[PDB]
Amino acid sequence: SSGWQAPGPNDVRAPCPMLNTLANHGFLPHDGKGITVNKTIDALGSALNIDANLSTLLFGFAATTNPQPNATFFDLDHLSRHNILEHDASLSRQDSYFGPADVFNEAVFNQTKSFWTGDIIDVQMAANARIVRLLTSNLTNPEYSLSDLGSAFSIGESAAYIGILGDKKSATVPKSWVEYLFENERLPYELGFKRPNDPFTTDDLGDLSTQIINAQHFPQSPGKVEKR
């Protein structure tokens, strides 16, 4: 069990699979509480080689979720608060309207898996999966909404599971690694994952975000499908 411990009764968790994974490995506080900018830089750096500028940028948004105004920390359960960073049309979570939006949800992940159509997820598969969730949530959730910020996140999130868990150059990621991260909230070291030697930058996230958009082929955009 050396290196990873399931959360326990007093630990808090996020709607984010990576942050939950890093807390479980202890890159972050295992109780998912008291996460500061320096602890975010150090954990994302140590585990994943996220550069400081990106770590700092994500910290910024994370802080806005702490009920206390102008907070210097956040707990993982702050991220679950609906319509700040938590958005509808997640890949692994249900819309808050149906039930809790923070934990893994087999039904919703089943939909997303079905749009990952080979052993290797590429930008096209990633982009398709997100599209179907946006539309499926628009046509089933009467309170379906997605802020400019939420759209930006939703795109960023699909960009992240490729760029950060996979190879950003080729902009591909084995399906097995993504399924494992989502279903175990544990880095898939044993399936081949290795901390990349080259840092993952704000710019790397933007480039993949743009590749996700450019692989959306609507004849007519049905609502917020490209907003950043």
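Position 1 is the first residue in the sequence shown; the rest follow in order.
Averaged over their C-alpha atoms, the temperature factors of 64 to 72 and 46 to 54 are higher for 64 to 72. The deposited CA B-factor of residue 119 belongs to the highest third of values across its chain. Ranked by C-alpha B-factor against the other modelled residues of its chain, residue 203 falls in the highest third. Annotation for residue 196: CA B-factor lies in the highest third of the chain's modelled residues. Ranked by Cα temperature factor within the chain, residue 26 sits in the middle third according to the deposited record. Among the modelled residues of its chain, residue 38 has a C-alpha B-factor that falls in the highest third according to the deposited record.
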